[PDB]
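Offset between the sequence shown (1-based) and PDB author numbering: plus 28.
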Amino acid sequence: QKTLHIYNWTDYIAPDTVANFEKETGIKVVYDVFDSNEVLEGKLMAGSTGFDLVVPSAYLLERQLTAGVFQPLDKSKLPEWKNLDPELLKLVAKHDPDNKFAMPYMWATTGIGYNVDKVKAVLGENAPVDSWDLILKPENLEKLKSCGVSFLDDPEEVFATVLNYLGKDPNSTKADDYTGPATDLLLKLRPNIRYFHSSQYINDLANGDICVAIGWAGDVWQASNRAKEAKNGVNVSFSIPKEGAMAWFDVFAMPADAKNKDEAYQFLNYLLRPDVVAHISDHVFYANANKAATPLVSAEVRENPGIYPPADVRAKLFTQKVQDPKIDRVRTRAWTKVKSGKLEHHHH
Ligand SMILES: COCCOC[C@@H](C)OC[C@@H](C)N
Ligand SMILES: COCCOC[C@H](C)N
Ligand SMILES: [Cl-]
Ligand SMILES: [Cl-]
Ligand SMILES: [Cl-]
Numbered sequence: 029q030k031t032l033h034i035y036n037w038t039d040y041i042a043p044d045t046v047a048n049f050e051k052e053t054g055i056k057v058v059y060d061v062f063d064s065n066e067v068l069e070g071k072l073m074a075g076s077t078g079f080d081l082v083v084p085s086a087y088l089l090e091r092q093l094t095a096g097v098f099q100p101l102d103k104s105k106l107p108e109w110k111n112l113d114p115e116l117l118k119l120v121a122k123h124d125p126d127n128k129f130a131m132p133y134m135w136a137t138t139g140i141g142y143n144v145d146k147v148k149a150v151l152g153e154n155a156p157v158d159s160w161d162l163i164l165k166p167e168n169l170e171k172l173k174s175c176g177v178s179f180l181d182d183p184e185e186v187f188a189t190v191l192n193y194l195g196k197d198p199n200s201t202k203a204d205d206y207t208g209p210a211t212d213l214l215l216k217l218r219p220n221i222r223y224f225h226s227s228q229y230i231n232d233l234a235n236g237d238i239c240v241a242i243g244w245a246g247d248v249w250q251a252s253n254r255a256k257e258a259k260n261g262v263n264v265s266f267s268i269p270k271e272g273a274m275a276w277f278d279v280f281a282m283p284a285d286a287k288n289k290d291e292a293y294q295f296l297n298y299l300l301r302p303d304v305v306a307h308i309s310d311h312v313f314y315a316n317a318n319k320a321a322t323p324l325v326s327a328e329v330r331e332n333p334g335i336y337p338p339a340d341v342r343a344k345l346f347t348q349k350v351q352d353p354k355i356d357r358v359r360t361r362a363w364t365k366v367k368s369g370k371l372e373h374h375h376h
């Protein structure tokens, strides 16, 4: 009896995907979840993860590729590899040259999830829901504070979006941009932010407890769908704002010390089946990287331009760059300062 260990993002598979695989193959799956690239990266770099498959973002795979923590994926054991969109593979290959290490899973953007009616109640019918002004202009956050504001607990995403909003390179390599203007804005916003968290905001949006969030697209569409299924009268939407936004791929990868490689390839090949991955997209509201699967994805998902954005929106999207250690230090320090920004100090 063989057992396959998988480590994936929360809210990123259909409820029955694993059970269906277990029934088909007789392999027992131990499925665990994370909501942060930082948590996964730490485990990959500290020692053995004990996992057979993990799901980093592509830029994280790129950041640690030369550290040797992943092993190359034997495409002879992935007969359905051909189902992946070959043009999307060329884009992922910027992170994974010649697609040696990573299987593209889903693609999306980092934007604003919001309660349509509460935002309009607080900011008016002309609330700037097509703009980062909705959540990064202090005058707006002051008005939204009590209906609840959340930011992702992701320093790379948050600093990049703030830098872009301030008219800087979202991937600036200038330390002063982080310690100066980006920190200045974040500290002005901080008193109005209820929490920094990368997964609680889904149910909080769905239930009406948070009115604006920095969020990942499909997470927000899941919140919208949860509210609809609950018949709770809450209207959640998502915006890829006009100033641009981060875009990203998440990918499956195999840790270099994986125990059960054969079973892992069986699971990857299962995910390459068009019906399997389209069913996932239908439940998690994320675009997959499987060309063969597209016709099977629900119309509600395929036709949503916040899931599959058109070319004029894609032209405004940017990709996360891996930063040098000095920028990493200054960004991480600034993040800790921002998150602790409400605490009282006694040094004056
Ligand atoms: C409305 O269908 C769009 C078809 O897109 C091709 C698929 C394979 O790529 C999805 C991208 C946007 N992650
Ligand atoms: C990659 O293909 C999707 C094309 O969308 C382009 C829209 C019509 N502006
Ligand atoms: Cl409410
Ligand atoms: Cl990425
Ligand atoms: Cl449909």
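Just so it is clear, CB atoms sit at the ideal spot from N, CA and C, and this is done for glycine as well.
State the Cα-Cα distance for the pair residue i and residue j, rounded to the nearest angstrom.
i      : j      : result
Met282 : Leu169 : 42 Å
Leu151 : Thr189 : 22 Å
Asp80  : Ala258 : 36 Å
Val144 : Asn220 : 19 Å
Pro183 : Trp363 : 6 Å
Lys171 : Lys146 : 11 Å
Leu296 : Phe280 : 8 Å
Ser267 : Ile140 : 5 Å
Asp197 : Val304 : 39 Å
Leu116 : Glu153 : 39 Å
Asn318 : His374 : 56 Å
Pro156 : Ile335 : 20 Å
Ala121 : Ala149 : 45 Å
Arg342 : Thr201 : 23 Å
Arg330 : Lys287 : 37 Å
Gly261 : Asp237 : 13 Å
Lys165 : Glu372 : 24 Å
Would you mind reading off the limits of the beta strand (DSSP E) that contains residue i?
i      : result
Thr364 : Where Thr364 is concerned, there is no enclosing beta strand (DSSP E), although the alpha helix (DSSP H) it sits in stretches over 353–367.
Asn36  : 31–37
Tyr142 : 131–143
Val264 : 264–267
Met274 : 273–280
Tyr59  : 56–62
From which residue to which residue does the alpha helix (DSSP H) around residue i run?
i      : result
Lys51  : 45–53
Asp212 : 211–217
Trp244 : Run containing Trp244: none in the alpha helix (DSSP H); it sits in the beta strand (DSSP E), 240–244.
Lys289 : 289–299
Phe187 : 183–193
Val305 : 302–312
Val67  : 65–74
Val177 : No alpha helix (DSSP H) holds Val177; the beta strand (DSSP E) holding it covers 177–179.
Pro114 : 114–120
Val329 : 327–330
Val83  : Neither: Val83 is in no alpha helix (DSSP H) and is coded neither H nor E.
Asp340 : 339–342
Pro198 : Element bounds for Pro198: n/a, residue is neither H nor E.
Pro166 : 166–172
Between the options, which lies nearest to residue i when the distance is taken from Cα to Cα?
i      : options                        : result
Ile163 : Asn154, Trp363, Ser178, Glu52  : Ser178
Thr347 : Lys367, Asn332, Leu213, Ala273 : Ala273
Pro114 : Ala320, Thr364, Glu328         : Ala320
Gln294 : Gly70, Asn65, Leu106           : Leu106
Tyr59  : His33, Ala74, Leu116           : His33
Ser227 : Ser64, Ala47, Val57, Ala42     : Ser64
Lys354 : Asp204, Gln29, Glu69           : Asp204
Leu101 : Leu119, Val82, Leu116, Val248  : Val82
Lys344 : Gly176, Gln250, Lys270, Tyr314 : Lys270
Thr211 : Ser368, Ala74, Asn288, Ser159  : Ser368
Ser174 : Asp158, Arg222, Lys128         : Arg222
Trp244 : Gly261, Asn199, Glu185         : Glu185
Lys30  : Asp290, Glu69, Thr322, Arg330  : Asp290
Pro43  : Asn332, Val312, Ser159         : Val312
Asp39  : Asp247, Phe129, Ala339         : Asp247
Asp310 : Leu213, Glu69, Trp249, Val57   : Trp249
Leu324 : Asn111, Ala47, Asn199          : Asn111
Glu167 : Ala47, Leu217, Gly176, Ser159  : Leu217
Just to confirm, is the Cβ distance from residue i to residue j under 9 Å?
i           : j      : result
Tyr206      : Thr53  : no
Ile230      : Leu180 : no
residue 381 : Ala255 : The displayed coordinates of the chain run from 29 to 376. Any statement about residue 381 would go beyond what the structure contains.
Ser252      : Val240 : no
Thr77       : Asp285 : yes
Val350      : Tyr87  : yes
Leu215      : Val366 : yes
residue 378 : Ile308 : Nothing can be reported for residue 378, as the shown portion of the chain is limited to 29 through 376.
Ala315      : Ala136 : yes
residue 377 : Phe224 : Because residue 377 is not part of the residues shown, which for the chain are 29 to 376, the question remains open.
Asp124      : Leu93  : yes
residue 21  : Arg361 : The question about residue 21 has no answer here: the residues shown for the chain are numbered 29 through 376.
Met73       : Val57  : no
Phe129      : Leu89  : yes
Near ligand 4, which residues have their beta-carbon less than 7 Å from any of its heavy atoms, given in chain order?
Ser85, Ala86, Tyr87, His123, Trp276, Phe277, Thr347, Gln348
Neighbouring residues (CB closer than 5 Å to any heavy atom of ligand 2)
With the cut-off at 5 Å, the residues found are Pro338, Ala339.
By C-beta, the residues closer than 7 Å to any heavy atom of ligand 5, given in chain order
Every residue with a CB closer than 7 Å to a heavy atom of ligand 5 is listed here in chain order: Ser326, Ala327, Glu328.
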